[PDB]
Amino acid sequence: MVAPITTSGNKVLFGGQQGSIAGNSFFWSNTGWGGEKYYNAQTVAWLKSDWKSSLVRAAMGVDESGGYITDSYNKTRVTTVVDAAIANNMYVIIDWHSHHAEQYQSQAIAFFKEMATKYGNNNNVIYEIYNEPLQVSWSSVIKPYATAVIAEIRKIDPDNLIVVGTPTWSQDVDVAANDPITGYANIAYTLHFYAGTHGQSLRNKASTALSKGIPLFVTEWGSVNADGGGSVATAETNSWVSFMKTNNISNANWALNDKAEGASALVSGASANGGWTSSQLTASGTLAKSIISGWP
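Here it is in structure tokens:
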């Protein structure tokens, strides 16, 4: 039903043609952290019908407090959002939302094997296997774990996109480009930016990476500071959108959530049933709807 996603050189393709999609990341799924109330079919359908979103990202907390490693119901929140994205003809990222993914390798393999088995025949699904590595080695920390998890997914789901986290909160895509994962089909690399913190020096590294032949996917970006706080950087966000559209870079905005921080798209109390009007969107949410609604 939706077009299958593939990669070829530095391009992420849809039904074999260049293009890109825009949508939304939910906040951490973790029990007690307040983003869980939006993991439901009404909010998913509303992002589709009112924001024209093409994509939702289920950000399943792993080793953080209330994450999947101690609270099994995180997986239920993910499957609820996956089923709803399929029901609404939207792509969906299943995101192992950890800063230490290599330390939970067997758990990550088991989880992605169960997902690939249940969902691997749907074109909608994208596997994101390591949200945000920290200041750790690409060759000696991330790449060996990413290779192990990809080997296992590809034995079950030969095709659907896998997106791999990069060093330094998924900034160092130019490092991954110097030592890419070869031999497996349809693998892209994560770039995260926050417009209040990151500008031209980070676009320069993304340009280097694309020049060296690797495809990028922005599974998370914000218009505020990297810690999720602060003011919307409208002009810097525009420069990033220009860069993403130039290079057909798909993207998910952080976060569809109503916590009292700058990155939250919604004003606190915004209904979990969706139906939000203009005043229930924060400065960041207003700008993200504009970008997503206008995406080519």
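Residues in the sequence shown are numbered from 35 upward in steps of one, following the working numbering. Virtual Cβ for every residue (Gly too), placed ideally from N, Cα, C.
Beta carbon of residue i nearer than 9 Å to that of residue j
| i | j | result |
| --- | --- | --- |
| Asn165 | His133 | yes |
| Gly49 | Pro38 | yes |
| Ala322 | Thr77 | no |
| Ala286 | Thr253 | yes |
| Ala304 | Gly262 | no |
| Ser327 | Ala297 | no |
| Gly309 | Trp85 | no |
| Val301 | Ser313 | yes |
Bounding residues of the alpha helix (DSSP H) (the contiguous stretch that carries residue i)
| i | result |
| --- | --- |
| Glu136 | Careful: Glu136 lies outside any alpha helix (DSSP H) and carries neither H nor E. |
| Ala79 | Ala75 to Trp85 |
| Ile160 | Unbroken run through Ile160 is the beta strand (DSSP E), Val159 to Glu162; no alpha helix (DSSP H). |
| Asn272 | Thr268 to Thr280 |
| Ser324 | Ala317 to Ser327 |
Residue from the options with nearest C-alpha to residue i
| i | options | result |
| --- | --- | --- |
| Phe60 | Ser54, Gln141, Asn44 and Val90 | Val90 |
| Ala185 | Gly199, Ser173 and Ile221 | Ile221 |
| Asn108 | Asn64, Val175 and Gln234 | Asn64 |
| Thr41 | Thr316, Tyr223 and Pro330 | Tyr223 |
| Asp213 | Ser173, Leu195, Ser204 and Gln234 | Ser173 |
| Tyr73 | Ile55, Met94, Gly57 and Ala56 | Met94 |
| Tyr228 | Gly68, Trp274 and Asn122 | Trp274 |
Residue i Cβ short of 8 Å to the ligand MN heavy atom set
| i | result |
| --- | --- |
| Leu250 | Among the components of this structure there are no ligands whatsoever, and the ligand MN is therefore not found. |
Cβ distance (whole Å) where residue i is taken to contact residue j below 8 Å
| i | j | result |
| --- | --- | --- |
| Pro249 | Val46 | 5 Å |
| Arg111 | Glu162 | With a Cβ gap of about 15 Å, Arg111 and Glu162 do not count as contacting. |
| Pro167 | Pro201 | 5 Å |
| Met124 | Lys82 | 6 Å |
| residue 344 | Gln141 | Residue 344 cannot be examined here, being either before or after the span of the chain that is shown, 35 to 330. |
| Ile128 | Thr181 | Between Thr181 and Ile128 the Cβ distance is about 19 Å, and since that is not below 8 Å, they are no contact. |
Residue span of the beta strand (DSSP E) that contains residue i, given as start and end
| i | result |
| --- | --- |
| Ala286 | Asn285 to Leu290 |
For this session: Please list the segments of the beta strand (DSSP E) lying wholly inside the stretch 36 to 117, counting only runs of 3 or more residues, in order along the chain.
Result: Listed in chain order, they are 39 to 42, 45 to 48, 56 to 60 and 89 to 95.
For this session: Could you tell me which uninterrupted alpha helix (DSSP H) segments, each at least 4 residues in length, are contained entirely in the stretch 173 to 204, listed from first to last along the chain?
Result: Entirely contained in the stretch 173 to 204, the alpha helix (DSSP H) runs reaching 4 residues are, in chain order, 177 to 190 and 201 to 204.
For this session: Identify every run of the alpha helix (DSSP H) within the stretch 209 to 256, keeping only runs that are complete inside it and at least 4 residues long; order them along the chain.
Result: Listed in chain order, the complete alpha helix (DSSP H) runs (minimum 4 residues) inside the stretch 209 to 256 are 234 to 245.
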